[PDB]
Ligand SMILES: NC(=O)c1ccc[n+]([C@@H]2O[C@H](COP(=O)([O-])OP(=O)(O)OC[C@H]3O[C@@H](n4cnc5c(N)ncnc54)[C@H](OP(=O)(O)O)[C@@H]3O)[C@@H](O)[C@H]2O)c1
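Here we start with a single chain on its own, the form solved without the named molecule, put down as structure tokens.
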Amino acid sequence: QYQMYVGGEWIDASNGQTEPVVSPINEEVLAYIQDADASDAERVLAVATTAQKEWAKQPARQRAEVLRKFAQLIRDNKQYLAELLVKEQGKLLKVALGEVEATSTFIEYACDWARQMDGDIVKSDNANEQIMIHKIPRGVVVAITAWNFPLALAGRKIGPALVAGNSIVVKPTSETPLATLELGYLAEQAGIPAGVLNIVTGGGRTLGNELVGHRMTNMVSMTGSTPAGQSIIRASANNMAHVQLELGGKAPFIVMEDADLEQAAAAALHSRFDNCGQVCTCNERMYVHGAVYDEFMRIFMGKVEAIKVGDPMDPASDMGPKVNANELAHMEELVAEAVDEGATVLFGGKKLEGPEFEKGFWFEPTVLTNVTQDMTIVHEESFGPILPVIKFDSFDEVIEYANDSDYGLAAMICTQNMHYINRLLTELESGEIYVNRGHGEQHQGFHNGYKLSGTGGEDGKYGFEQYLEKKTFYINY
């Protein structure tokens, strides 16, 4: 029976409600969590506010010292945390180990920024006057994390928020919170002061909505769905919290006529099927040039046929289960909707059958061909192992397709043509573009989406900057 980590203590939701956490592998109950509502918001935000006053006054060098310790403790417990992620969320073991490591590196990359939170000395138009733009903490950050990579998403936000001198309240999704809650203990083993790092669980429209719109909240950093994000933006009207969101995506993977086909098929394969399609940057729609279609597809389909779906703890598995039943059902709906709209199911399209799959949420890798740009599958985010393939004949045409979307997070292209690549800068409306390579970003880049994929951007110089506020001084002598 997990509790919440608040102000250095472990406590119950005051509404006394609990909830099981269920494994997508076999539907067993792994544990129970609190299911708090809006009555617990004021209390946790209040301890965060109070702990932040003293935490902010520490030299940044000392805050980074504490968090580097925190980061290493996570790595110490890598094997435990990774298997816990595999069970509660259903990613492959090797992928979970990658996520725990990324949780540590996210905090470590932010710790590099400690003595580089430079403010500006600006030249005044008046003699004997200084202008000073300082960088300071905002105050209290609320972090909302998703079930695709719950633990790494916590690291991605805890790191920057804390190094910058804020305190944080993390609300991991109730679908996959356990590994995240386990950080609570690691925080105390690291000596993060009581109240500076808080972890709570509850209802999205109750506890969540109360947190993000609250007057004690200065910033909301969140990953999830576009509608959930729009709700947070409305909520932020109440407090004028800075809002940083990573939301929906419908990334095009584009194979140009002069691409290295073997490289492109490999990059496209994993960009769609990594984490069972549950990545914000996934190849969600593939465009293949008609001069290379047949050859590209013998290669690509050769790789798809070899994807072994199975138990994520089993090293032989190339793909695990979908996260829950609603998301499984959604696979079936989209595939049925596509066939009905005239699509060809080239491979897959079914729940796995077999007595090994009587329990759990399992879907075949799926390739949909003879697809046209106006079909729903080319527009709606599947977030699962469903990939539609569209032919095109020229660069201008595929750029049109690519920008035909309410999303603009990631995109991938394969080509040898400098000029195509150069034109992407002004012509392709996606914020994170991969060339001759599949997805997967780095702590030091900028994870930024256009249109309805989010606000603010995450990671790197510009990401970290958002956890800071500015204070400007005009001083006259």
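Rigid core (definition): largest C-alpha set, two forms, superposition within 1.5 Å. Numbering starts at 1 and follows the sequence shown.
One more form of this protein, solved in complex with the named molecule, exists but is not displayed; see below.
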Check: Looking at 103-111, 363-371, 172-180, 346-354, which one sits within 4.5 Å of the named molecule in the bound PDB entry if you count heavy atoms only?
Finding: 172-180
Notebook entry, point to check: Heavy atom within 4.5 Å of the named molecule in the bound PDB entry: which of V389, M222, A154, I386?
Noted result: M222
Notebook entry, point to check: Given that the named molecule is left out here, which of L328, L186, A228, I399 has a heavy atom within 4.5 Å of it in the bound PDB entry?
Noted result: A228
Item checked: Any non-hydrogen atom of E381 within 4.5 angstroms of the named molecule in the bound PDB entry -> yes
Notebook entry, point to check: Just to confirm, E99 within 4.5 Å of the named molecule in the bound PDB entry by heavy atoms?
Noted result: no
Notebook entry, point to check: Counting only non-hydrogen atoms and a 4.5 angstroms cut-off, does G203 reach the named molecule in the bound PDB entry?
Noted result: yes
Notebook entry, point to check: How about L93: is it within 4.5 Å of the named molecule in the bound PDB entry, going by heavy atoms?
Noted result: no
Notebook entry, point to check: Using a 4.5 Å heavy atom cut-off, are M4, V47 and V140 all in contact with the named molecule in the bound PDB entry?
Noted result: no
Check: Within 138-164, which residues have a heavy atom closer than or equal to 4.5 Å from the named molecule in the bound PDB entry?
Finding: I144, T145, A146, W147, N148, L153, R156
Notebook entry, point to check: So which one of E380, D112, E129, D406 actually moves, Cα shift of 2 Å or more between the shown form and the other one once the core is superposed?
Noted result: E129
